[PDB]
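**Q** Residue numbers (the deposited numbering), protein chains in the order written: chain k, 2 to 97; chain I, 132 to 207; chain TA, 46 to 90; chain TB, 64 to 90. Virtual Cβ for every residue (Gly too), placed ideally from N, Cα, C.
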Amino acid sequence: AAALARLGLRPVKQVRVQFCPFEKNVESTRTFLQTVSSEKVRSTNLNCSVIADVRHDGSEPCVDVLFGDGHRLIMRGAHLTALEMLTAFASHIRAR
Amino acid sequence: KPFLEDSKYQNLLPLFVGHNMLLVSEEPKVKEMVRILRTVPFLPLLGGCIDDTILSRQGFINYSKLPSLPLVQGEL
Amino acid sequence: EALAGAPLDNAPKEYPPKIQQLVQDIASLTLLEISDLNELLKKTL
Amino acid sequence: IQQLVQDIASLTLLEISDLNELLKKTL
């Protein structure tokens, strides 16, 4: 997750990762949280918080962000891999 | 993974696809460990068992609000 | 053997059936075998 | 009638909770 550290995660306000522990399509959002909650990317600014929503019967993994311009990028990764949503989030934060 | 697939804990095997760590805790004291990991928001706990009863996270936080074990014994 | 399927009850519909067995065993008798219950269960407490 | 003694000593915590739920709703 070095590229997100070199990007400067600072313009975002809030990211959160809603997923379920027992389903067969939740590893991608889990590794997304593992790349997003590392010390470097969370240390590039302290004014943002990252939440990890855990539910059992939600049955669909979802990721949603909201950043400084009041926008909202939400990506329900269940059929996305980790690197695809990571480069999507990276380009979408670097645009704004 | 093999020790979970062959023993009685096969239903806990779906919680092991990433970096997962175990919280071995003799004499279960659940309220305060919830109180110390509610400090950091980004730390999930995907579940586990409580004395051979497999439970989820919201199941854990409603298990912490079970009343005290003397009065639970004294209700029946 | 196995362990259970382990659902969650934040969306609760299912509950334990062995308690079903026990409660249908005892919860249809009046206070005489309930006196049996009191006697032989506070045997130990 | 100490059968109660054995089958409630084999009873687990939330097992006793289920017993509480059932008998209290019945009683």
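(1) Does the stretch 155-170 of chain I come close enough to the stretch 77-85 of chain TA that 3 or more CB-CB pairs lie under 8 Å?
(2) Quick check: what's the CA-CA separation for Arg95/k versus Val37/k?
(3) Can you pull the chain TA neighbours of residue 114/k, defined as C-beta to C-beta under 7 Å?
(4) Compare the C-beta of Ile185/I against all C-beta atoms of chain TA and say whether one is closer than 7 Å.
(5) Counting only the same chain and skipping the five closest in sequence on each side, list residues whose C-beta sits under 7 Å from that of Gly78/k.
(6) For the putative contact between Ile75/k and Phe173/I, defined by C-beta atoms under 8 Å, what is the C-beta separation to the nearest angstrom?
(7) Drop a sphere of 10 angstroms on the beta-carbon of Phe68/k, count the other beta-carbons inside from all chains shown, and report buried for 16 or more, exposed for fewer.
(8) What are the residues of the stretch 22-37 of chain k that lie near chain I, defined by any Cβ-Cβ distance shorter than 9 Å?
(9) Which of helix, strand or coil does DSSP assign to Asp81/TA?
(10) I'd like to know whether the C-beta of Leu77/TB is nearer than 7 Å to at least one C-beta of chain I.
(11) May I ask you to list, following chain order, the residues of the stretch 172-198 of chain I that have a beta carbon less than 8 Å from some beta carbon of chain k?
(12) Could you tell me if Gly179/I is buried or exposed, where buried requires 16 or more neighbouring beta carbons within 10 angstroms of its beta carbon?
(13) Give the interface partners of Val161/I over in chain k, defined as CB-CB distance under 7 Å, in chain order.
(14) What does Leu48/TA reach in chain k if we use C-beta pairs closer than 8 Å?
(15) Between which two residues does the beta strand (DSSP E) harbouring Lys14/k extend?
(16) Mind checking who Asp54/k pairs with in its DSSP beta bridge?
(17) Within 10 Å of its beta-carbon, does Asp183/I have 16 or more other beta-carbons around it, so buried, or fewer, so exposed?
(18) For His93/k and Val203/I, what's the separation of their Cα atoms in angstroms?
**A** So, to answer that:
(1) no
(2) Position 94 of the first sequence, counted from the start, is the residue given in the question as residue 95/k. Position 36 of the first sequence, counted from the start, is the residue given in the question as residue 37/k. Roughly 15 Å between the two C-alpha positions.
(3) Outside the shown range of chain k (2 to 97) lies residue 114/k, about which nothing can therefore be said.
(4) Stepping through the second sequence from its first residue, residue 185/I is reached at position 54. It does; some Cβ of chain TA falls within 7 Å.
(5) One-based indexing of the first sequence puts residue 78/k at position 77. Once the five neighbours on either side are set aside, the close Cβ partners of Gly78/k are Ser29, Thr30, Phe33, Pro62, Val64 and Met86.
(6) Residue numbering aside, residue 75/k sits at position 74 when the first sequence is read from its first letter. Residue numbering aside, residue 173/I sits at position 42 when the second sequence is read from its first letter. 18 Å between Cβ atoms; not a contact.
(7) Here residue 68/k refers to the residue found at position 67 of the first sequence. Answer is buried; the Cβ neighbour count reaches 16.
(8) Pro22, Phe23, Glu24, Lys25, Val27, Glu28, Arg31, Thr32, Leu34, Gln35 and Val37
(9) The sequence position of residue 81/TA within the third sequence is 36, counting from 1. Three-state DSSP puts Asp81/TA in a helix.
(10) Taking the fourth sequence and counting its residues from 1, one reaches residue 77/TB at position 14. Chain I, which has a Cβ nearer than 7 Å to the Cβ of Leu77/TB, makes this yes.
(11) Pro172, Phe173, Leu174, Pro175, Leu176, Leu177, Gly178, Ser187, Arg188, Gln189 and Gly190
(12) Here the question's residue 179/I lines up with position 48 in the second sequence. That one is buried.
(13) The sequence position of residue 161/I within the second sequence is 30, counting from 1. The premise fails here: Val161/I is roughly 15 Å from chain k at the closest Cβ pair, so nothing lies under 7 Å.
(14) By one-based count along the third sequence, residue 48/TA stands at place 3. Near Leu48/TA there are no residues of chain k at all, since even the closest Cβ is about 13 Å away, more than 8 Å.
(15) The residue labelled residue 14/k in the question sits at position 13 within the first sequence. That run of the beta strand (DSSP E) goes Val13 to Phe20.
(16) Counting from one through the first sequence, the residue named residue 54/k turns up at place 53. BP columns for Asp54/k point to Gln19/k.
(17) Against the second sequence, residue 183/I aligns to sequence position 52. Its Cβ having fewer than 16 others within 10 Å, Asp183/I is exposed.
(18) The residue given as residue 93/k occupies position 92 in the first sequence. The residue given as residue 203/I occupies position 72 in the second sequence. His93/k and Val203/I: Cα-Cα distance of roughly 53 Å.
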